[PDB]
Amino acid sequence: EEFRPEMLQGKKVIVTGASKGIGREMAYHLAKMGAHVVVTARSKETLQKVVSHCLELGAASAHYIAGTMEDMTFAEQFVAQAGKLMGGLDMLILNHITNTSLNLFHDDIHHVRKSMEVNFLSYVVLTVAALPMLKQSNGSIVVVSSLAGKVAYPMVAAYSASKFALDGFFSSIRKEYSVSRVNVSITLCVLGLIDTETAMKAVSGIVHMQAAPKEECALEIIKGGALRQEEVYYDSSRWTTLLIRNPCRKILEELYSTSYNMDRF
């Protein structure tokens, strides 16, 4: 139950949206731990800089494959390519998101659809492609979410929708993996305000709250994934840690788990 950096030594890990912010910080922590890494985002130049520094930090191997997660064909092929480079896969870290600003919802259906496609559907496409390799290694799926993916906030309607969707989908397949004895863990990471450049610019003059450090955030995600934890909670406030968990949800899920006859599947 206690974490050690040696747990990630020689592990074959994918980090999406790893050119900046939390994703890059995760690549850096994995490198130091002596893991095999394959990073992705759209910018080739930004990913080149992460691979170079990953090798310097002591990564067992570091590679990149640039491309958009709007392209479900790219998302699918990226996983077959990344597992080929590493000789398999132990951990899939799903972190990328479509660029989003704090705004009231009026009529931007294109932004609602794009948020669902990039923040949620590509995650499903990446999971389908990664599952054969993860089944073989008894691996981990790590889903980076937000507090806006557990509670309601204004100015993020489309973003909150795609984040809530991740919880619904991945919590459902976790229950399916439990009964169909698929030894692949699913870690949902619920994150508060992080001091990344994009987030700090987004909240500027609108939201006034304490920002947690991105370096530590990235580590707590890796920690939970390695410990095969169902959910990881990371925020500045003490109060969030105290009230974010839903004890009644897990109790309800436990009572229903007895009633679902699936010995036909």
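Sequential numbering from 1, following the sequence displayed.
- Higher average CA B factor: 24-32, of the stretches 235-243 and 24-32.
- Once the C-alpha B-factors are averaged per stretch, 181-189 and 161-169 rank with 181-189 first.
- Going by the entry's values, 49 shows the largest Cα B-factor out of 201, 208, 49, 214.
- Among the modelled residues of the chain, residue 130 sits in the middle third by CA temperature factor in this PDB entry.
- In the PDB entry, a CA B factor belonging to the middle third of its chain's modelled residues is recorded for residue 18.
- For residue 100, the recorded CA temperature factor ranks within the middle third of the chain's modelled residues.
- When the modelled residues of the chain are ordered by C-alpha B-factor, residue 111 sits in the middle third.
- The deposited CA B-factor of residue 248 belongs to the lowest third of values across its chain.
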